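1. Begin with these chain(s), straight out of the complex:
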Amino acid sequence: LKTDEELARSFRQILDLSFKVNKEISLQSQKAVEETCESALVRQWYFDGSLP
Amino acid sequence: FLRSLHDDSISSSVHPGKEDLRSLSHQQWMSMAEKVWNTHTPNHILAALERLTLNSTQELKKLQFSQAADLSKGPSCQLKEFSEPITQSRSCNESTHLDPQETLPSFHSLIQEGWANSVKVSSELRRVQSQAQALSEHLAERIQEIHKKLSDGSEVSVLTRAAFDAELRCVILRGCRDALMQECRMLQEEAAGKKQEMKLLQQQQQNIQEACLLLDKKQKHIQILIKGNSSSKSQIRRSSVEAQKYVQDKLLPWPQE
Amino acid sequence: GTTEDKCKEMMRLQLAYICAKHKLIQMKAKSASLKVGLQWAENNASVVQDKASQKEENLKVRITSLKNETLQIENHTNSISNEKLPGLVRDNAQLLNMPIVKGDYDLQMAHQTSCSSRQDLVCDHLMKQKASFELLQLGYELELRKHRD
Amino acid sequence: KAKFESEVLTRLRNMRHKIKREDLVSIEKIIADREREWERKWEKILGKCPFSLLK
């Protein structure tokens, strides 16, 4: 009975792990792309149209 | 009668014809009310009102207990199959197909999916980057081969080389432009495909605002009723004192005269 | 987290997506351009020996023409890359929030119903109470009239 | 059989504890540093909070 409960809990934690890992990888990828591009270009990507 | 006045105040549709019906309904109530006061003794009428008030409090308590249980009722509970069809009793409102009420997803769960999709794009980027590097190396090898065949030192060969490089640059740039346009088309199609969904969300958003405003109206009315019922209670007390004062000041002194 | 934290999180998701998607499309364009370049280079490799027999004056005119065409294509490409593409990507990025917003809306709508239902119950109850008070008030008015007679 | 199943339960618990106390703590720290570095970088370049422009 204890093993059955632990199975569900353990799996939710695995899902949380997957999530945080995906977010980590996405932010790293963002950083890698920003370093290869001039900040002015990236600024245009993110914000161009919103600046007066 | 009061409920009808309440519904009309919430539905802004001031239908201009509903006043004559209101009056008739008031008069009908007055007549009936008077009949009641003439047919039954005041002590009996007051007792009846006390009893009716007990019932309202009982119903409120029952609702709270059931409603509070609903707040404390979250889904592990298994669909027990209990049997017997009496009549129908589909729902208090009348029907209840809806309960798909699967636990609406939480922000966390949705946002998790969003980041998973973002990773799919990053993974695709890496794939295409590797492909572009292979192609760039392959193109450099081919250009070098063509340049070696035009190296016969003649002014015409040099010019032919320059013309080649220029034609090649034009083809590459045309290819880049066509590709970017193509990608822009895709992005537009995707956005166009979702435009309907966005309209729908806008409508929902309007609905939420309207219904937020609807809730505000119901609350503003609840405030008015609460204030109105407190004032009526004071008025009844005043009317009771006025009737007693009339009997003491004007009727009781006559037997002596 | 505060609606603010959730919003921030959504925005973060968008920004990460914009950055990645923009680069992806650039790379897709580069890749497609190289492919077409490679295909062209492979098809014109055998014809380049026959063109060497052309009058010097014709090659000069062609190079000049090609240089002018290249500049035009470059200016069009840069316009697409720097003006049209970033706007479209941003629009698409905002659409990432659709399921989250929808989910929230659904949640709100559902919430609105509960408060409104209790509101109606309280209003009707409060109205039932008023009806009882008005009946008693009328009872006192009729009694006062009979005392006057 | 009781001894074996007990071992399975202990393995699951050890796995979950390893994920929660080791793996997620390390990952969450890296995510927080990256989000802060990013916010500082763009705040410097834009003179305002980057998220205000997206609102």
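-> Sure thing, it's come through. Numbers count the residues shown, from 1 in each chain, chains lettered A, B, ... in the order given.
2. Please make it C-alpha for all contacts and neighbour counts, starting now.
-> Fine.
3. Where do the helices of the stretch 51-200 of chain B begin and end?
-> Counting by DSSP state H, counting those that start in this stretch, the stretch 51-200 of chain B forms helices over residues B:107-149, B:155-246, given from the N-terminal end onward.
4. Packing partners of the shortest one?
-> Think helix B:107-149. Applying 3 or more Cα pairs under 8 Å, 6 or more residues apart in numbering or on different chains; DSSP states H and E, one finds that helix B:107-149 makes contact with helix A:2-36, helix C:3-44, helix C:98-148.
5. still on that earlier bit, residue B:51: which of the helices of the stretch 51-200 of chain B is closest?
-> Each of the helices of the stretch 51-200 of chain B has some distance to residue B:51 by Cα to Cα; the shortest is helix B:155-246, at 17.7 Å.
6. just the angle between the closest one and helix B:107-149, please?
-> Interaxial angle, helix B:155-246 versus helix B:107-149 (axes from the mean of the first three to the mean of the last three Cα atoms, to 10 degrees): 170 degrees.
7. picking that back up, if you compare the helices and strands packed on helix B:107-149, which one is most tucked away?
-> Among those, ranked by average contacts under mean count of other Cα atoms under 10 Å in any protein chain shown, first place goes to helix C:3-44 (a mean of 20).
8. That one close to chain D?
-> Yes - among the residues of helix C:3-44, C:8, C:11 lie within reach of chain D under Cα under 8 Å from any Cα of the partner chain.
9. Report the spatially nearest residue to the residue positioned nearest the centre of chain A, omitting neighbours in sequence.
-> Relative to the mean C-alpha position of chain A, the nearest C-alpha, by Cα atoms, centre = their mean, is the one of residue A:23, at 1.9 Å. The spatially closest residue to residue A:23, leaving aside those adjacent along the chain, is residue B:115, at 5.7 Å (Cα to Cα, 6 or more residues apart in numbering or on different chains).
10. Append chain E to the structure above:
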Amino acid sequence: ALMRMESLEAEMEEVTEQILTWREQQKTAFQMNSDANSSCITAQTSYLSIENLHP
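-> Next up, chain E placed on what we already have:
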């Protein structure tokens, strides 16, 4: 029945390893690209120099 429960536990361990392996692979992949971009900035400058054929 107990065998089935043991199979679920094994599968959970396997998926957890897969997620962590994937995380490590990506960490290496980003370190290699940062080292290669430092080297490649040097080579690309060379070839566009063929536009300078003036005399």
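11. about what we covered before: so the residue nearest to the centre of chain A makes contact with residue B:117?
-> No - the pair formed by residue A:23 and residue B:117 falls short of the contact definition of Cα atoms under 8 Å, at 10.1 Å.
12. Go ahead and confirm residue B:211 touches residue C:112.
-> Yes - counting by Cα under 8 Å, a contact exists between residue B:211 and residue C:112, whose distance comes to 7.1 Å.
13. for the closest residue to residue A:18 other than its chain neighbours, what are its contacts?
-> What sits nearest to residue A:18 in space, not counting adjacent residues and going by Cα to Cα, 6+ apart, is residue E:19, at 6.6 Å. Residue E:19 makes contact with A:17, A:18, A:21 under the criterion Cα atoms under 8 Å, 6 or more residues apart in numbering or on different chains.
14. wait, does stretch B:115-129 contact chain E?
-> No - interface with chain E: stretch B:115-129 contributes nothing (Cα under 8 Å from any Cα), its closest point being 9.9 Å away.
15. Find the closest residue to chain B in chain D.
-> Distances from chain D to chain B, computed as Cα to the nearest Cα, single out residue D:31 as the nearest residue at 12.9 Å.
16. ok, that residue - contacts?
-> Taking Cα under 8 Å, 6+ apart as the definition of contact, the neighbours of residue D:31 are A:23, A:24, A:27.
17. what helix or strand is the residue nearest to residue A:18 on?
-> When secondary structure is defined by DSSP states H and E, residue E:19 falls within helix E:2-48.
18. Also put chain F in, sequence below:
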Amino acid sequence: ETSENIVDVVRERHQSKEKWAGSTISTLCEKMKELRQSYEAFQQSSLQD
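-> If we add chain F to the chains shown above, we get the following:
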């Protein structure tokens, strides 16, 4: 009694559908398979690099 209880507990765990992640309802085994396939797909895309 114990032998029968254990068979039921395990059966319920294999057949029970819950919202684990996202907007889709699934069993624990299905969601775990989905998650496994996703990371297999991610790993294959990295080896072809």
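19. The contacts of residue E:19 again please, chain F included this time.
-> Here residue E:19 is in contact with A:17, A:18, A:21, F:39 (criterion: Cα under 8 Å, 6+ apart).
20. Residue B:60: how many residues sit nearby?
-> Burial of residue B:60, expressed as a neighbour count using other Cα atoms under 10 Å in any protein chain shown, amounts to 13.
21. ok, now residue B:138?
-> 14.
22. which of the contacts of residue E:19 lies closest to chain C?
-> Taking these together and measuring to chain C by Cα to the nearest Cα, the closest member is residue A:21, at 14.1 Å.
23. can I assume the closest one is in contact with residue E:25?
-> No - taking contact to mean Cα under 8 Å, the distance of 11.9 Å between residue A:21 and residue E:25 leaves them out of contact.
24. Pull up the residues of chain D that are close to chain E.
-> Residues of chain D lying close to chain E (Cα under 8 Å from any Cα) are D:8, D:12, D:15.
25. Who wins on neighbours among these?
-> residue D:12 (21 neighbours).
26. Name the residues of the host helix or strand of that one that are buried.
-> Here residue D:12, judged by DSSP H and E, is contained in helix D:2-17. If you call a residue buried by 16 or more other Cα atoms under 10 Å in any protein chain shown, then helix D:2-17 has these buried ones: D:8, D:9, D:12, D:13, D:15, D:16.
27. again with stretch B:117-137
-> Neighbour-count burial for stretch B:117-137, with 16+ other Cα under 10 Å as criterion, is recorded at B:117-119, B:121-129, B:131-132, B:135-136.
28. Next: stretch C:78-93.
-> Of the residues in stretch C:78-93, those buried under the neighbour-count criterion (16+ other Cα under 10 Å) are C:80, C:81, C:85, C:86, C:87, C:88, C:89, C:90, C:91, C:92, C:93.
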